[PDB]
Amino acid sequence: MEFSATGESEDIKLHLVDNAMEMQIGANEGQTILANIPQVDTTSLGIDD
Amino acid sequence: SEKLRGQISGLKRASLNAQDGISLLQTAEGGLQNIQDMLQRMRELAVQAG
């Protein structure tokens, strides 16, 4: 068997939008707390295979 | 006598006129107080969301 490089470039385009949790903790502007929860599954833990 | 009677009558008329005027400002103040009370509930419910 023999393998070789294709020789021509390939393009893949990625779309991505931010969406944390914002909590109002004060009685005026700006006073807030930001919360994040990462994704957890077999793929993230790297034991899927 | 004529001058003094004229002045007395004028003073009485002005005395009535002043109270006639003051009633209007009383009513306006009442209405404005109602509006002010409403705006605070609006503010509280606005800060409810967030």
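A protection proxy built from the mean count of other Cβ atoms within 10 Å ranks the segments A:7-14, B:13-20, most packed first, as B:13-20, A:7-14. In sequence order, region B:42-50 has phi-based couplings of 4, 4, 5, 6, 5, 6, 3, 7, x Hz under the Karplus curve 6.51 cos²θ - 1.76 cosθ + 1.60, θ = phi - 60°, and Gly or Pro positions carry x.
Which value at 222 nm does the protein assembly as shown reach when only helices count, each DSSP H run of 4 or more adding -39,500 (n - 2.57), with the total divided by all residues and rounded to the nearest 500 deg cm²/dmol?
Details: 2 runs with 51 residues, N = 99.
Roughly -18500 deg cm²/dmol at 222 nm, from the helical runs in the protein assembly as shown.
If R0 is 25 Å, the Cβ-Cβ spacing of A:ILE33 and B:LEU32 corresponds to a FRET efficiency of close to 0.05.
Gyration tensor over the Cα atoms of chain A: the corresponding equivalent ellipsoid has semi-axes (square roots of 5 times the eigenvalues, largest first) of 44, 19, 6 Å.
Across all C-alpha atoms in the protein assembly as shown, the radius of gyration and Dmax reach 38.6, 137 Å.
In the calculated pair-distance distribution of chain B, the portion above 14 angstrom amounts to 70 percent of the Cα-Cα pairs.
Read-outs: derived from the displayed coordinates by stated rules, not from any lab. Don't worry about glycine lacking a Cβ; one is built from the backbone with ideal geometry, like all the others, and counts go over all protein chains shown.
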